[PDB]
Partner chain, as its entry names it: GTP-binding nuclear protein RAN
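Next up: just one chain, as structure tokens, the form deposited without its partner chain.
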């Protein structure tokens, strides 16, 4: 294939009016990349520089090759690296690199950008292997003072992409850091005339920070770099400042340990000074800097709480600076928007920062904030009163109970009075502030003196502007959550009134500013905390939601706009969520209405556009099944088609909820579940084997295996091997990336494996010969639990895992598995779980059981 033919393929792939020709071209391109990668890469690089080719085809050439060289998936990354190294000949490599460098200095910025990304991908492969030594010399020379602007900027882009494209948790660019910094800082320093170049340099520097540890450990280099960054924060151009402050914040987060001299000698004074800028963007920059400091010092405190002997040390920047920083933040609170728009601004950032200060510094925040509140809560300007309640609410988390209780008692009359303020913004924030008081120190509201006035303010507010009503629903949730646990609880005396008020807000005609949905959410809370003493109010909710569902189903949807229809769907979702909670909370009350409910649910399922609410319908059907037990069997024939269709819609979230139905009936049908188990297993085996399955399906299915095994017991043995294979495969799957999303997903998978093993060990309690060949596998998983804090720090996870240690031990008194019970990590894990006081007492009891059984195992 020639350059011209390849270019024609690319062009046709994106520009042909004929979709057939587009797909044919894409297939032929991928096929050449598979059959002759050397030629594919060479030709791609030649089209990149071919002026005779349309711009989009040249950009596409570069980006497609780039996407065959780097990936997010680490495994794909490694495969691409080895393919470049072994399958592209040295002469081909040299030609591709030369062509990419030619395109980098193109007068067309789109060509230059694509070329920069391609250069970055190749560099990410070669520099860690001590290759392409010419590149960094070219980059350093290219950002030299007398180079033209486009060459500087394109090269700085390439350096940024280089650092961003490398794995964050890697040493791939360490060996190049010196030259990277030279090239980057050359563009960042004050002598550089182009704002675009300084911006690109600072953004690249931010990208590079994770690769310059060795440089930051050198005092002279660290000093010079920090000097350049600070110089940039004082630059005249506001975008340059913004970029430099991004750098400063990232440096503080990554290299906190080195910041004390820079804080003392300059940054404290500088950032405090600019926090008073009349420009909201500048001030916002300084605010973000101090929020970063607070976040890091809170994280240090947390880590030292988990391990008192960790080397990390806080310098207490925030604590020492409160006197000088906090008054400026408070002043920023009066820069709200003169309505309604709700768009973010510096005043909201300053509020979040103030809350970080209070969490980090406790009682030290009180004096300046309380002074501001006193000065402004009765001011004539609505901005000052709103700022006052914002500040007061923002210090309710951090200080000790004595101080908070004292000042809540002192301020509650004025705060409740602000619920009658003429300013909508003031009332909105006042309702929020009452929620903050309730949420952190609910006992601060004296049951006789102020709780009736608090409840009354919430009830009036639910009838106010929807913005106020939403915050009143949130506040009611906080009140119930924080007061229900006390015995007696005062909040139950107000349950009828509260419920009545919430029903009224749920009966709003619209959901403007989320006031109606929020009310439904609070109703769910009311249900979940209801006691027998307020049984009647529970009944009131049940009656309301059932009737309400009926009402929504009288609405002719062919007279609705798209927006109208979305509103109706969200309302039906709110209703069905509360209804599911009602059904689960009082199973005895459900039988008489079961038929009617299913009649409605099937109707909802047969509606056109049922795909939008079918998830919530399945949640309610599952709750009804759980509550009726064997009484649900009469609906199974009619429900089966829907269930199977939902289970097979592996792309849609409805399949997850359908798995949740299986989980419910496995528990609620008792003996009667066995007659369906085989069919369920078959379906599930297909589902988890479907490549079109969304990721969230995998953990759900794993967990439900545990449910099934738990209820069918020995009937599970013929499936055991297959299921164990799945569990093993799942527990040995590394995170896809180092990103937070991949690690969190992996945690979900491991949690589901824990569910599976718990259910299996419970089900096979009497069949140790069936479990025996998997004990070591289970112990490998448990070791994973003991190693990763995202697992063992969770009370329920540790309770289940240490429970497995004990129960498995109890199943084998023959000593056939005693070899696992002498391991230091097992003993240590049992002891950490038994002693850690943030673990509940049920967890510690389970750890005791595990310790008894482990010691007995060593006795054998």
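Numbering follows the first chain given and starts at 1.
- Per the record, residue 339 and residue 340 are separated by 1 to 3 deposited residues that are missing from the model.
- The PDB entry records a higher mean C-alpha B factor for 801 to 809 than for its counterpart among 60 to 68 and 801 to 809.
- If you average the C-alpha B-factors over 191 to 199 and over 366 to 374, the higher value belongs to 191 to 199.
- In this structure the maximum Cα B-factor among 518, 271, 739, 384 is found at 739.
- Looking at 462, 624, 419, 145, the one whose CA carries the top B-factor in the deposited record is 145.
- Residue 297 sits in the middle third of its chain by CA B factor, as recorded in the PDB entry.
- Looking at the C-alpha B-factors along this chain, the one for residue 430 belongs to the lowest third.
- When all modelled residues of the chain are sorted by CA temperature factor, residue 93 is found within the lowest third.
- Among all modelled residues in this chain, the alpha-carbon of residue 174 has a temperature factor (C-alpha) in the highest third.
- Annotation for residue 45: CA B-factor lies in the lowest third of the chain's modelled residues.
The same protein has a further form, the form solved in complex with its partner chain, not shown here; the description that follows concerns it.
- In the entry with it bound, its partner chain lies farther than 4.5 Å from every heavy atom of residue 446.
- Remark: residue 637 does not count among the residues lining its partner chain in the entry with it bound, judged by a heavy atom distance of 4.5 Å or less.
- With a 4.5 Å cutoff on heavy atoms, residue 842 does not count as touching its partner chain in the entry with it bound; it lies far away.
- Looking at residue 21, you'd find every heavy atom of it more than 4.5 angstroms from its partner chain in the entry with it bound.
- Of the residues given (493, 543, 566, 552), 566 alone sits with a heavy atom within 4.5 Å of its partner chain in the entry with it bound.
- A single residue from the set 213, 694, 645, 767 has any heavy atom within 4.5 angstroms of its partner chain in the entry with it bound; that residue is 645.
- Checking 645 to 653, 626 to 634, 753 to 761, 735 to 743 against its partner chain in the entry with it bound, the stretch whose residues place heavy atoms within 4.5 Å of it is 645 to 653.
- Contact check at 4.5 Å (heavy atoms) against its partner chain in the entry with it bound: none of 442, 533 and 810 pass.
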